[PDB]
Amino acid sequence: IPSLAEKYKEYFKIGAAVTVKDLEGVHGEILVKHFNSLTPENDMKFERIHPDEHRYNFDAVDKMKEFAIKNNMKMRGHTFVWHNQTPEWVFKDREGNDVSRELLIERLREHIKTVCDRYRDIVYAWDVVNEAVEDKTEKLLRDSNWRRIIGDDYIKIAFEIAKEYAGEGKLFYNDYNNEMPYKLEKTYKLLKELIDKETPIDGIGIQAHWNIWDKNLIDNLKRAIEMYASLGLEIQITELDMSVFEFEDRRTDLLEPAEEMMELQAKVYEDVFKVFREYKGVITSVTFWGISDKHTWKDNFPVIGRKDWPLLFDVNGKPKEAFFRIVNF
């Protein structure tokens, strides 16, 4: 039972996404021992931390910050600008009309300044913009309220605002599947354009919502690291997990992993963490999207109500085989 974060202290931070209840019981003990970074899974989404025009909700995030300071951890900020996570008041003036460009920018500035002021002492990295890149088609960017109202500059402006208030925290673009052929080159092009216009972006977040069946994962991972690194960016793995299901595999029948799933999972985790260690000079943080299989978003996404087993600790809070293979170095 080595401490994962301790074993990786000369490589990068080891993080986990958390809710307030993850700070209690067995999960809290695992956090204390194995992790030196926390990401609020939901409680820093715009609609959670800032649900009304005149009301913020800091309660959950304050408890995670208190926890992090007591237990020698730092936090990742998640997230400022993320499709479908901004409450509707932000975009509307009293008549229900779209706000002006100038006003939307100012509301974003006030949001980011408020959140950064409160937490910049504990946050070392911010997911400033999340999943702006278009996923379904060949286009670069998604349609959104921000883009409709501000225009394409909303990304750069969000980074410029976060730059004013984040102190020493680093600023990230965060996305899923940004290692895959259909998305990597587009995303590289976007980031190159932002960087050339002097957007203060420090790195890219590779969400790494992966699965044990993906043949091209290792080669995709290396190529993405190479492309993003070549722009001068730092790389953080931000929401790593390892589904036993291909994404289009919506079967609901499994009551436990089928034979070979757990060993395959351990083998893949071993391989990705060897790549992480291999490109350690540019990867600065590795965060899992959960602590143990008892509590994972993969049980309800993409399929409501079916069990998955994607993390390093099993349903009993105990370390699975994957854990032992990634501390084996």
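Just count from 1 along the sequence shown to find any residue number.
When the mean C-alpha temperature factors of 39-47 and 268-276 are read from the deposited coordinates, 268-276 comes out higher.
Here 87-95 and 178-186 are compared by their mean Cα B-factor, and 87-95 comes out higher. In this PDB entry, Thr238 carries a Cα temperature factor that places it within the lowest third of its chain's modelled residues. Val286: CA B factor lies in the middle third for its chain, per the PDB record. Ranked by C-alpha B-factor against the other modelled residues of its chain, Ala125 falls in the lowest third.
In the PDB entry, a CA B factor belonging to the highest third of its chain's modelled residues is recorded for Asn71. In this PDB entry, the Cα temperature factor of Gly203 sits in the bottom third of its chain's modelled residues, the lowest group.
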